[PDB]
Amino acid sequence: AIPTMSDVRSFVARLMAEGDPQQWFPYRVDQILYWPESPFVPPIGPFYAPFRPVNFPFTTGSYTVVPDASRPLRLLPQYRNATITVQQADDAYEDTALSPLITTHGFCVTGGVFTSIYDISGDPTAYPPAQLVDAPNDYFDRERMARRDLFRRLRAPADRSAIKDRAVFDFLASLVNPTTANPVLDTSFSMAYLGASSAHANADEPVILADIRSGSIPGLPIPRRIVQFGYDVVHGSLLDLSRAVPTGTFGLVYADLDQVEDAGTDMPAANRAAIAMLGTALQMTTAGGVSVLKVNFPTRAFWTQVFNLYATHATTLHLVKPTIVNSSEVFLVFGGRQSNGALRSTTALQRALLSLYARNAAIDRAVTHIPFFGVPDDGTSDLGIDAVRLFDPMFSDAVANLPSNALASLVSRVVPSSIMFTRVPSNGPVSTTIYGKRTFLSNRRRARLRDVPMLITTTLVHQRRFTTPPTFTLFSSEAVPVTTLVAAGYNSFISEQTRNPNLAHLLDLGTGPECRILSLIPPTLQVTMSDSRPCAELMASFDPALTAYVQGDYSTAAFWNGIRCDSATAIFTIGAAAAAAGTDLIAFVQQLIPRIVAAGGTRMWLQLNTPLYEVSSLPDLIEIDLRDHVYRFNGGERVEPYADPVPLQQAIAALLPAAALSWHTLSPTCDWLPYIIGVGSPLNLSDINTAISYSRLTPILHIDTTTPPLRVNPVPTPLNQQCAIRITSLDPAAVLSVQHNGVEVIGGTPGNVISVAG
Amino acid sequence: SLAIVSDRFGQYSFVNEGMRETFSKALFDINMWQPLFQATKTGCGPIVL
């Protein structure tokens, strides 16, 4: 309206740049467009037009009055066929980058809440220390420590101790006994809270205590008597817990080793301390009494001393890990103190040990890859921010090059994950900052490139206004259950190439428009792509590394025909496809085998919606309908066809079994979760297990052609009794390596592993 | 003694007079449809051999 000092000075600054028009003018006349859009009356002095009708585009159109958008904007990079050389791309990036800049980390995890059980069982027969597989002999490494800090950092709850105890106390209360009608503990009971702290997390005391005292334990009510014994204590006393301290008798001994020392190199001292306060906790127990032992570093030698020195006088063993952060801190929850017992190491306890350690390890390897605190952009970090800026917007077309290429470049680096553009409200050079995040994933795709398509300039030009800058952040928001589960199938793909990530001639059955498959396949791989939907955006353009696009929908009669590969990837797709067809799943599947029978194919990755075991409905997710053997998916509405396991098995059996029969074991294993972390994604631990459940109903049935039939029979005499069957075509002296992702149950001849209940 | 110029990434042989002349002509075929290429957004921009 009335132009600001600010805006005029901006506009002028802009004007006093470079670049020249087409329709010049003589100074004797005014020259008003020969293409008669202009409303040119008969003016006194102006003749008309420029005298010289040349050639250039024009058109009519009004301006969309769009307000200043106080939000960062996303960009779909629709591509145009003018394909810059890698070096130039890179170069131009270098030229326009606003990067390096100090990356707001955010969070690794948004919700670090889980309870990992360890338990008693009537299963220990001959399992001594000598059975127990010793801790990672490597656990104190530079990199490994950084990892723990990194993760810890990138999780801010502050109510760590709270969640902790509330969980344990729920667990401990859960020991409800028939014979008495009551739990282990009644009302107005006893706590020996030892290893106590001034917990400055809004309370200035242990957050738990106040709640317990007041009645904040589901099911069990109040204690009487609680102590705050320690070192950094406010309501209690200064005692050295480990040594011989004033013998007072308590029912619930909560021992807490705040392991405060620099010199972690002394493992002996670490265990001898634990031993000492284990003693003291026994000295402390009233007749029958329970005790909790928060121990940091577990080991064989510890478990040893427990067994040997204590078990005698304890009836029951429980243990837990509050899974907040990634660390080795177990809670030894023992029951029935100062009484006779003949406790021994349990199969349960073993499995749980292994699972824990493995969780730790898997997450460890991932996290180690994440950028540290106060890291400038080095190019190298698995994650980081590469943003380029456009100094006074020269979007234009292909011919412009330097803008378009830098753009392009940024898009090659990022590969459909992150992609922002914003024309910043600013007075002077009007910056149109373009922002991205590098990933290991994006790199893989970049590597497969020949060249970089300068995307269609027009998609950008559509935004005629002012858009505010992004805040700049590494991490995002949260982990959607559904997306976790898809990512887990994807991980599985990646890591099962041929003969252990061994280069792969495959197909994509149902190539999503974005082609994420390419980002999962190593750049060397030789791929077929059935993109049923008409895809244009970064689709086939660069054929070199065999990107064999076969448009159209395979499900139809005759079309599959032409396709050769050795891995046919179908996750979810098949589901949808059978619904489309309105057919007996049996029949459809069946027809699909002969199909693929005629092709040069090995890995059939058939992820039908089928249960692995006993059907449980998953509300607000998966609802199961049998009458028409379909999932009614809760996210709005998604009709996903489902099959029971036995009719499937029944159909396979009836046909033939001439193939390898493998299921993708996602539900315990941490390994696929690094994938998730990898794409700048605030994990959730409760969202993890939910997915975990859901997998069991949506697994990838991996069926391999040219292989020995696998023989599964689990139907006769189940009932905690026994199945019968034969494993064929094997050497007279066989060493029967049967395992559960390392978890060696069944060794064959190596029977020293018989860990099964049964 | 002679060593060939930079085959490496550039400086090669004396160009075929005929091949230049020919090739430029070929480019002109495409040029015959320039307005259409352009409209199709199909990298139209006349090469300039």
# chains A, B, ... in the order shown; residues from 1 in each chain; ligands from 1
$ interface_residues --of "chain B" --to "chain A" --cutoff "9 Å" --atoms "only C-alpha atoms" --output "count of residues only"
5
$ select_by_dssp --residues "range 328-398 of chain A" --states "alpha helix (DSSP H)" --output "PyMOL selection string"
chain A and resi 347-367
$ write_last_selection --atoms "N, CA and C atoms" --output "short mmCIF file (atom, residue, chain, number, x, y, z; two decimals), in the first residue's frame"
data_model
loop_
_atom_site.label_atom_id
_atom_site.label_comp_id
_atom_site.auth_asym_id
_atom_site.auth_seq_id
_atom_site.Cartn_x
_atom_site.Cartn_y
_atom_site.Cartn_z
N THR A 347 16.56 -72.06 31.87
CA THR A 347 16.43 -71.79 30.45
C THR A 347 15.84 -70.44 30.05
N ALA A 348 14.89 -70.01 30.88
CA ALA A 348 14.21 -68.73 30.74
C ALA A 348 15.24 -67.61 30.82
N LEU A 349 15.93 -67.65 31.96
CA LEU A 349 17.04 -66.80 32.32
C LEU A 349 18.09 -66.80 31.23
N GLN A 350 18.48 -67.98 30.76
CA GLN A 350 19.30 -67.92 29.57
C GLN A 350 18.80 -67.19 28.32
N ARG A 351 17.63 -67.60 27.84
CA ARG A 351 17.04 -66.85 26.75
C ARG A 351 17.02 -65.34 26.95
N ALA A 352 16.59 -64.99 28.17
CA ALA A 352 16.55 -63.58 28.48
C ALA A 352 17.83 -62.75 28.58
N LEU A 353 18.83 -63.41 29.16
CA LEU A 353 20.19 -62.95 28.97
C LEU A 353 20.78 -62.64 27.61
N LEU A 354 20.40 -63.60 26.76
CA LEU A 354 20.87 -63.52 25.40
C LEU A 354 20.25 -62.44 24.51
N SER A 355 18.94 -62.39 24.73
CA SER A 355 18.07 -61.37 24.17
C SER A 355 18.34 -59.90 24.50
N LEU A 356 18.63 -59.78 25.80
CA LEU A 356 19.10 -58.53 26.36
C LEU A 356 20.41 -58.05 25.73
N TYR A 357 21.43 -58.89 25.88
CA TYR A 357 22.74 -58.63 25.32
C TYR A 357 22.74 -58.28 23.84
N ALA A 358 21.88 -59.00 23.11
CA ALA A 358 21.71 -58.88 21.67
C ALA A 358 21.03 -57.57 21.31
N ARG A 359 19.97 -57.19 22.02
CA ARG A 359 19.35 -55.88 21.96
C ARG A 359 20.31 -54.71 22.13
N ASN A 360 21.08 -54.84 23.22
CA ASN A 360 22.17 -53.93 23.50
C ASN A 360 23.15 -53.72 22.35
N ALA A 361 23.61 -54.87 21.86
CA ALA A 361 24.56 -54.96 20.78
C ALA A 361 24.15 -54.42 19.42
N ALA A 362 22.94 -54.84 19.01
CA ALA A 362 22.33 -54.41 17.77
C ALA A 362 22.14 -52.90 17.66
N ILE A 363 21.61 -52.32 18.73
CA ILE A 363 21.37 -50.90 18.93
C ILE A 363 22.66 -50.10 19.04
N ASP A 364 23.57 -50.76 19.75
CA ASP A 364 24.95 -50.32 19.80
C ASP A 364 25.66 -50.00 18.49
N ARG A 365 25.56 -50.98 17.58
CA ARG A 365 26.12 -50.85 16.26
C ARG A 365 25.56 -49.75 15.37
N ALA A 366 24.21 -49.70 15.34
CA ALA A 366 23.54 -48.50 14.86
C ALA A 366 23.99 -47.17 15.45
N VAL A 367 23.72 -46.96 16.75
CA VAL A 367 23.93 -45.67 17.38
C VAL A 367 25.31 -45.05 17.16
#
$ select_by_dssp --residues "range 44-220 of chain A" --states "strand (DSSP E or B)" --output "list in words"
residues 69, 73, 74, 82, 83, 84, 97, 104, 109, 115, 116, 117, 118, 119, 176, 183, 189, 190, 191, 192, 193, 194, 195, 196 and 197 of chain A
$ write_last_selection --atoms "N, CA and C atoms" --output "PDB file, in the first residue's frame"
ATOM      1  N   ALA A  69       3.350 -17.250   4.316  1.00  0.00           N
ATOM      2  CA  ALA A  69       3.212 -18.544   4.963  1.00  0.00           C
ATOM      3  C   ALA A  69       4.322 -18.839   5.958  1.00  0.00           C
ATOM      4  N   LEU A  73       8.141 -25.215   3.629  1.00  0.00           N
ATOM      5  CA  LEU A  73       7.492 -25.962   2.571  1.00  0.00           C
ATOM      6  C   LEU A  73       8.289 -27.100   1.951  1.00  0.00           C
ATOM      7  N   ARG A  74       7.552 -28.209   1.937  1.00  0.00           N
ATOM      8  CA  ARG A  74       7.847 -29.362   1.111  1.00  0.00           C
ATOM      9  C   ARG A  74       7.735 -29.336  -0.410  1.00  0.00           C
ATOM     10  N   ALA A  82      16.694 -33.022 -18.630  1.00  0.00           N
ATOM     11  CA  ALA A  82      18.000 -32.430 -18.858  1.00  0.00           C
ATOM     12  C   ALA A  82      18.985 -32.720 -17.727  1.00  0.00           C
ATOM     13  N   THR A  83      19.891 -33.664 -17.998  1.00  0.00           N
ATOM     14  CA  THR A  83      20.588 -34.432 -16.990  1.00  0.00           C
ATOM     15  C   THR A  83      22.064 -34.146 -16.770  1.00  0.00           C
ATOM     16  N   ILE A  84      22.384 -33.187 -15.897  1.00  0.00           N
ATOM     17  CA  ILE A  84      23.709 -32.770 -15.504  1.00  0.00           C
ATOM     18  C   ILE A  84      24.587 -33.870 -14.927  1.00  0.00           C
ATOM     19  N   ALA A  97      25.376 -23.876  -1.270  1.00  0.00           N
ATOM     20  CA  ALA A  97      25.172 -24.367   0.071  1.00  0.00           C
ATOM     21  C   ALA A  97      25.288 -23.260   1.118  1.00  0.00           C
ATOM     22  N   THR A 104      20.516 -29.000  15.129  1.00  0.00           N
ATOM     23  CA  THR A 104      19.643 -29.404  16.222  1.00  0.00           C
ATOM     24  C   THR A 104      19.450 -30.907  16.133  1.00  0.00           C
ATOM     25  N   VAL A 109      14.897 -41.092  20.523  1.00  0.00           N
ATOM     26  CA  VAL A 109      13.794 -41.852  21.095  1.00  0.00           C
ATOM     27  C   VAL A 109      12.826 -40.861  21.733  1.00  0.00           C
ATOM     28  N   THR A 115       9.528 -53.065  29.784  1.00  0.00           N
ATOM     29  CA  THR A 115       9.907 -54.013  30.817  1.00  0.00           C
ATOM     30  C   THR A 115      10.250 -55.398  30.294  1.00  0.00           C
ATOM     31  N   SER A 116      11.552 -55.695  30.383  1.00  0.00           N
ATOM     32  CA  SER A 116      12.097 -56.983  30.017  1.00  0.00           C
ATOM     33  C   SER A 116      12.238 -57.909  31.226  1.00  0.00           C
ATOM     34  N   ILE A 117      11.354 -58.911  31.205  1.00  0.00           N
ATOM     35  CA  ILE A 117      11.395 -59.953  32.209  1.00  0.00           C
ATOM     36  C   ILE A 117      12.472 -61.018  32.153  1.00  0.00           C
ATOM     37  N   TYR A 118      12.895 -61.420  33.355  1.00  0.00           N
ATOM     38  CA  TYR A 118      13.650 -62.617  33.675  1.00  0.00           C
ATOM     39  C   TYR A 118      12.909 -63.317  34.815  1.00  0.00           C
ATOM     40  N   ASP A 119      12.825 -64.642  34.697  1.00  0.00           N
ATOM     41  CA  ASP A 119      12.084 -65.418  35.661  1.00  0.00           C
ATOM     42  C   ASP A 119      12.498 -66.835  36.028  1.00  0.00           C
ATOM     43  N   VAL A 176       0.668 -63.034  43.334  1.00  0.00           N
ATOM     44  CA  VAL A 176      -0.561 -63.164  44.084  1.00  0.00           C
ATOM     45  C   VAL A 176      -0.757 -64.661  44.264  1.00  0.00           C
ATOM     46  N   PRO A 183      -1.267 -61.483  47.711  1.00  0.00           N
ATOM     47  CA  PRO A 183       0.093 -61.243  47.273  1.00  0.00           C
ATOM     48  C   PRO A 183       1.098 -61.608  48.355  1.00  0.00           C
ATOM     49  N   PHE A 189       3.782 -52.279  55.076  1.00  0.00           N
ATOM     50  CA  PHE A 189       4.945 -53.138  55.011  1.00  0.00           C
ATOM     51  C   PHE A 189       6.266 -52.393  55.119  1.00  0.00           C
ATOM     52  N   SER A 190       7.368 -52.952  54.615  1.00  0.00           N
ATOM     53  CA  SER A 190       8.720 -52.484  54.816  1.00  0.00           C
ATOM     54  C   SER A 190       9.624 -52.347  53.609  1.00  0.00           C
ATOM     55  N   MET A 191      10.253 -51.170  53.494  1.00  0.00           N
ATOM     56  CA  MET A 191      11.210 -50.890  52.452  1.00  0.00           C
ATOM     57  C   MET A 191      12.559 -50.408  52.995  1.00  0.00           C
ATOM     58  N   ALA A 192      13.591 -51.077  52.479  1.00  0.00           N
ATOM     59  CA  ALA A 192      14.947 -50.659  52.713  1.00  0.00           C
ATOM     60  C   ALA A 192      15.500 -50.149  51.382  1.00  0.00           C
ATOM     61  N   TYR A 193      15.058 -48.933  51.066  1.00  0.00           N
ATOM     62  CA  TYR A 193      15.672 -48.233  49.966  1.00  0.00           C
ATOM     63  C   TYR A 193      17.079 -47.728  50.266  1.00  0.00           C
ATOM     64  N   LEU A 194      17.980 -48.511  49.658  1.00  0.00           N
ATOM     65  CA  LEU A 194      19.404 -48.250  49.715  1.00  0.00           C
ATOM     66  C   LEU A 194      20.000 -47.946  48.354  1.00  0.00           C
ATOM     67  N   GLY A 195      21.075 -47.165  48.370  1.00  0.00           N
ATOM     68  CA  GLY A 195      21.658 -46.507  47.218  1.00  0.00           C
ATOM     69  C   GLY A 195      20.834 -45.332  46.703  1.00  0.00           C
ATOM     70  N   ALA A 196      20.584 -44.429  47.650  1.00  0.00           N
ATOM     71  CA  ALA A 196      19.611 -43.368  47.548  1.00  0.00           C
ATOM     72  C   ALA A 196      20.159 -42.031  47.045  1.00  0.00           C
ATOM     73  N   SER A 197      19.230 -41.286  46.448  1.00  0.00           N
ATOM     74  CA  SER A 197      19.638 -40.028  45.848  1.00  0.00           C
ATOM     75  C   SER A 197      18.676 -38.850  45.951  1.00  0.00           C
TER      76      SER A 197
END
$ residues_around --residues "range 52-55 of chain A" --least-positions-apart "5" --cutoff "10 Å" --atoms "only C-alpha atoms" --output "PyMOL selection string"
chain A and resi 22-25+31+33-35
